[PDB]
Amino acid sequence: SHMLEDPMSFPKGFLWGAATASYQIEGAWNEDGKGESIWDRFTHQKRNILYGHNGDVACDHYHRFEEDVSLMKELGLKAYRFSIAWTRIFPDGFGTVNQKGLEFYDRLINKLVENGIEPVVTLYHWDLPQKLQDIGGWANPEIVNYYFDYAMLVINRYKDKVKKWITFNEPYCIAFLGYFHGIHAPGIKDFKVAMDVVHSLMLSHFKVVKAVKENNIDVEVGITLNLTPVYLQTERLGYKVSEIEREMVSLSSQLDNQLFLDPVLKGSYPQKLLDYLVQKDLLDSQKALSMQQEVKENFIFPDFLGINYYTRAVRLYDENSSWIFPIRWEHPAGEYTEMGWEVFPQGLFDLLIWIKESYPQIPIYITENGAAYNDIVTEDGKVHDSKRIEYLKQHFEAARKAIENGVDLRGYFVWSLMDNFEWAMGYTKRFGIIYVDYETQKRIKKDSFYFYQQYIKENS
């Protein structure tokens, strides 16, 4: 008694893309006058990266970008997300502009446009100039202005061709992995410093959004957040959830998600979380107060939200925990990647519905999604990455379902176009749809490349 409803289509113009970051692919770490970044410094020290790997060569993309753009054209990408290395432009962070750095991004952007691929630029993907770290890095309030001057130089240079700009990639990682856990550059280990960095990143973001809007620059500006939907083990077990468990697991999830979403989309930090941190002597009251006032004063709503989604977390209340919240993580049965991350496409759907229901209307791009498997090249030069294909297929379909349920999703960027340097894990994690043989720098298209090629064709 119900006439067939057609499948929900991806909308016309949907940006099917792939994503990379400068330090992870470019190599050429000291070439053409490029300054030292915090990642150059970090990987050149012992005991920071698995196997002593570094990004000195990486995928050699600074040299091989033309081949890579040819592969993007073959794939049929609508868009390519990449980051600009600040140290190629301003080797010391500020001062004299390095013309050879501008010439590289000129050539890359021109090549993308020549090939009909929309460039999407991340301004900051973790590679702060070491000379700025020498004066405190993101903890130094003057950083906001140095970042702003860099960002506006490149926006003004490339705005004719680059219409979508991402201020920051994954500020959770920049702040907490870089300045609390110290497992990312610059390797600092101080929670209060990390919260200072959170705030610098938010003010930096707003300053760029404000300049773009006030000067009526015809580009869109957003920010990319890694979001982790949180589920209760107690509910998986079918038990009754206590008030204290709900509250503590909620607060723990606010550190991951709302700490960044709320300032960006609502103009305040999540007050219950700041209160908790003050009450636990993890954040000074005076700082909690000033950071809340400064976000209120400087808030401006952005043009889009970028989401990086890989997995979920399952948590429960545990007074014995050593974490900054009394929680532990549990291990639902299922399929896991080489990162030890659960394959959970339902989490992408749930997260997108939650954004739609909990925040003001805004265009959403999935700026990263992908999986690491231990790829083997066959004798006949193939990579039969069937599990990566299954992962992508299921997440693409979760995105379609989100669109069917009214989420304003406007693009989807697979992490990554090519295997690359995975930060403190070195080259040991391969996320590409293209395999890179690091001995030869040969690009080998994986089965997932051909899968995605056909998926784009069928969904555009």
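All residue numbers refer to positions in the sequence shown, first residue = 1.
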message = Please compare 434-442 with 19-27 and say which has the higher mean C-alpha temperature factor in the record.
response = 434-442
request  = Quick one: say whether 402-410 or 33-41 has the higher mean Cα B-factor in the deposited entry.
outcome  = 402-410
message = Comparing recorded Cα B-factors across 115, 337, 200, 87, which one is largest?
response = 115
Identity of residue with top Cα B-factor, from 210, 315, 125, 81 = 210
query = So where's residue 170 on the chain's Cα temperature factor ranking, which third?
reply = lowest
inquiry  = Is residue 154 in the lowest, middle or highest third of its chain when residues are ranked by C-alpha B-factor?
reply    = middle
ask   = Among the chain's modelled residues, which third holds the C-alpha B-factor of residue 352?
value = middle
inquiry  = Using only modelled residues of the chain, where does the Cα B factor of residue 277 rank: lowest third, middle third or highest third?
reply    = middle
inquiry  = Among the modelled residues of this chain, does the Cα B factor of residue 239 put it in the lowest, middle or highest third?
reply    = highest
